[PDB]
Every structure is written in C-alpha cells, then in structure tokens.
Amino acid sequence: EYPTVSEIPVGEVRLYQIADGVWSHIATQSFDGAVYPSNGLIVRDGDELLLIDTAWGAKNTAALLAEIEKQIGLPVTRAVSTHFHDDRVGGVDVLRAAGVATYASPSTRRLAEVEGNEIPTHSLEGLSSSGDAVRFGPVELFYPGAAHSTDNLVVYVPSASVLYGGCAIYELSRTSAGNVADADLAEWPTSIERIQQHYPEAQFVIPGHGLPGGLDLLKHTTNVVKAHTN
Ligand SMILES: C[C@H](CS)C(=O)N[C@@H](C(=O)O)c1ccc(F)cc1
Ligand SMILES: [Zn+2]
Ligand SMILES: [Zn+2]
Ligand SMILES: [Zn+2]
C-alpha cells in the first residue's frame, strides 16, 4: 500500500519502491493549519542515488537520508529540486552539508533566493523553454511550461515509465485548488497538455502531494484548475 498522510508522523519519512531502482519518498508537514503529505523520488544510478526533491524541511530531509541509508544503503550524490517552494528546496542545506550536489534550474534558483528559501548550488542547463527535455543521469528532466509555478519541472524515468509530476499534478482526492499563489492558472492546462503529449506512455504518475495514479491525474488537475478559474 502507498503510505497516506494519516499514517506518517510529521518528522518521519517513508520510502515506497515503485520499480527496480525507483522509489518515492513520502513525508508530512504542518502548513497553514493542516498536515499535508509530500512526495519526492529516488532513482538508482549504479552505485549512487539521484534524489528528486527534499522531504520538506531540514528535519524531514535528515530523516530522509537516514531512511535511505537504512533501507537502501547507497549514497545520495545528486539532488534536483523541481520548483522553488519549501517542500522542494527545504532541506537543500542539509543535503549540501552531507556532500550531495544540489541542482535546480536558473529560474528555480533565482525564485528560491528571492523568496528566502534554500538555494540549490548548481544550475541545470537546457530547460529554459517550454517543452525542453534533458537527460540527467538515469532520468529525463522536462520543463512543461508554467503551471503550479513558473519554474516547475517534471521528471520521467524511462526504465520504469514513471512520471513524477511534482506539484503541477494533483492527486485524485484533491478536488479544490490548493496553493496557487505563484501559479500561472491560465497557462496551467496548456502545460499539462504538453506533458500528456510528451509522455503518453506514462504508466505510474506521481503527484507532488498524495496518491499516485495514471495519466488521469492530468485531466483531473485541469478540471480542478478550471473549476477554480471559471
Ligand atoms: C507548501 C506546499 C508547497 S507546493 C503547498 O502549498 N502544497 C499545496 C499544493 O501543492 O497546492 C497543497 C495544498 C493542499 C493539499 F491537500 C496538498 C498540497
Ligand atoms: Zn557510479
Ligand atoms: Zn509548490
Ligand atoms: Zn508542493
């Protein structure tokens, strides 16, 4: 069973193995009166691990590293943050202190700094234009256009047909718009179409928060945006 928000104490991280050499990591955090779950990704790259997003905060991210050591034993050597909010860069400084090389796009790095969030060290090149794709170790990084935020990236794992949508894709059980303070609500359905046109063969689709599904999460998310927008 995929771990749900009600089963993970704030401060603890679970790992869920999706495929061979592919896991999600799941944490929980208090935010704005509620507890929310949060997903990231872990992808094996031989004798090292590529981390996709922090576990939302310094303490959760240290827990993540401890859980990775317990359950996998391979070192995290690179990390990619998929947008500038705290559930994606909160913990970067812990990763850096632990010797992880932290990456984000130039936009994400700028927006993190503007906002006062932790800032990934290295800039990812080749992601400036909607539809750009880059092969980054075992994954493909993709910029679909502005949506949840103007900088959001998605991640695709070809070996396992895993599409990590981050917070530009909503789980089915969310039927209202959440955090749209930095969103391009008008562009968001267009960016979702772009993901669909590029990863039509996606089997396993991971939202930034909550339960994985399939490509039906894309259509579901547009409905939510439109319902909120119109
Ligand atoms: C703090 C974090 C940064 S994205 C955040 O605001 N998450 C937002 C959301 O993703 O819309 C969220 C709102 C309601 C939920 F049920 C789940 C997630
Ligand atoms: Zn190696
Ligand atoms: Zn966000
Ligand atoms: Zn989020």
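Reading the values: the criteria
- Residues numbered from 1 in each chain as written, not as in the entry; some residues may be left out.
- Chains lettered and ligands numbered in written order.
- Heavy atoms only, no water.
- Residues with missing side-chain atoms left out of burial classes, pairs and counts.
- Donors = N, O, S within 2.8 Å, 3.2 Å for Na, K, Ca; no water.
- Helix = DSSP H or I, 4+ residues; strand = E, 2+ residues; numbered from the N terminus.
- Buried < 20%, exposed > 50% of the residue type's maximum accessible area, 1.4 Å probe, protein only.
- Pairing = 2+ DSSP bridges.
- Axes fitted to C-alpha atoms, helices over the stretch in contact; angles between N-to-C directions.
- Near = heavy atom within 4 Å.
- Polar contact = N/O pair within 3.5 Å; in protein donor to acceptor, adjacent residues only side chain to side chain.
- Areas by Shrake-Rupley, 256 points an atom, 1.4 Å probe, with all protein chains shown as cover.
- Nonpolar A, V, L, I, M, F, W, Y, C, P; charged D, E, K, R; others polar.
- Core = buried A, V, L, I, M, F, W, Y, C linked by side-chain atoms within 4.5 Å.
- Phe/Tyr/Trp six-rings, centres within 6.5 Å; stacked < 30°, edge-to-face > 60°.
- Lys NZ or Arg CZ within 6 Å of the ring centre and 35° of its normal.

By the method listed in its record, X-ray crystallography, this PDB entry was determined to a resolution of 2.1000 Å.

**Comments concerning the coordination of the zinc ion (ligand 4)**
Any two of four tetrahedral donors ideally make an angle of 109.5 degrees at the metal, while pairs among six octahedral donors ideally make 90 or 180 degrees. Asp87 (OD), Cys167 (SG) and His209 (NE2) make up the full set of protein donors to the zinc ion (ligand 4), lying at 2.0 to 2.3 Å. Written as a sequence motif, the donor arrangement for the zinc ion (ligand 4) is D-x79-C-x41-H. A separation of 3.7 Å is found between the zinc ion (ligand 4) and the zinc ion (ligand 3). With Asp87 in helix 2 (residues 86-89) and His209 in the loop between strand 12 (204-207) and helix 6 (216-229), this pair connects stretches of sequence that are 122 residues apart. By the burial criterion, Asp87 is buried, and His209 matches it.

**Overview of the sheet that holds strand 9 (residues 139-142)**
The strand order 8-9-10-11-12 describes an open sheet built from five strands, whose pairing is mixed. The sheet terminates laterally at strand 8 (133-136) and strand 12, the two strands that pair on one side only. Strand-to-strand twist across the sheet, computed as the mean angle between neighbouring axes with direction ignored, equals 20°. For strand 11 (residues 162-166) and strand 12, the ladder comprises four bridges, and the chain directions are parallel.

**Regarding the site of ligand 1**
Around ligand 1 lies a shell of 13 residues, among which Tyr36, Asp87, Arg174, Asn179 and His209 are the nearest. For ligand 1, an oxygen atom lies 2.9 Å from a polar atom in the side chain of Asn179. Residue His209 places a side-chain N or O atom 3.2 Å away from an oxygen atom belonging to ligand 1. For ligand 1, the protein covers 88% of the area, taking 430 Å² as the surface of the free molecule. Tallied by class, residues from the shell around ligand 1 come to five nonpolar, six polar and two charged.

**What to know about the sheet that holds strand 6 (residues 101-104)**
In spatial order, the strands read 1-2-3-4-5-6-7; together these seven strands make up an open sheet with mixed pairing. Either end of the sheet is taken by a strand with one partner, and the two such strands are strand 1 (14-19) and strand 7 (122-123). Looking at chain direction, strand 1 and strand 2 (residues 22-31) are connected through five bridges and run antiparallel. Directly across from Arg14, in strand 2, lies its bridge partner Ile26.

**Notes on the nonpolar core**
Ranked by internal contacts, the top residues of the largest apolar core, which has 23 residues, are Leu41, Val80, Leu124, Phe136, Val139 and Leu141. Those elements that place two or more of their residues in this core are strand 3 (34-45), strand 4 (48-52), strand 6, strand 8, strand 9, strand 10 (154-157) and strand 11. Core analysis: the second largest hydrophobic core is formed by 19 residues, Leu163, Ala168, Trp188 and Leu217 among them.

**Comments concerning the side chain of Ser105**
Tracing the chain through its elements places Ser105 in the loop between strand 6 and helix 4 (106-115). You can call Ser105 buried: its relative accessible area is 6%. Side-chain polar atoms of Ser105 contact the backbone nitrogen of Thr108, separated by 3.1 Å.

**Topic: the packing of aromatic side chains**
The full count for this structure, using the stated rule, is seven aromatic pairs. Each ring, one from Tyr103 and one from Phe136, has its centre 4.9 Å from the other, and the planes form 70°; the classification is edge-to-face. Separated by 33 residues along the polypeptide, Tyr103 in strand 6 and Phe136 in strand 8 bring together distant segments of the chain. Residues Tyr103 and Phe136 agree in their burial class; the two are buried. Through a chain of ring-to-ring contacts, the aromatic side chains of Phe31, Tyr36 and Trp56 assemble into a single cluster. Positioned over the ring face of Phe136 is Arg78, at 4.8 Å from the centre of the ring.

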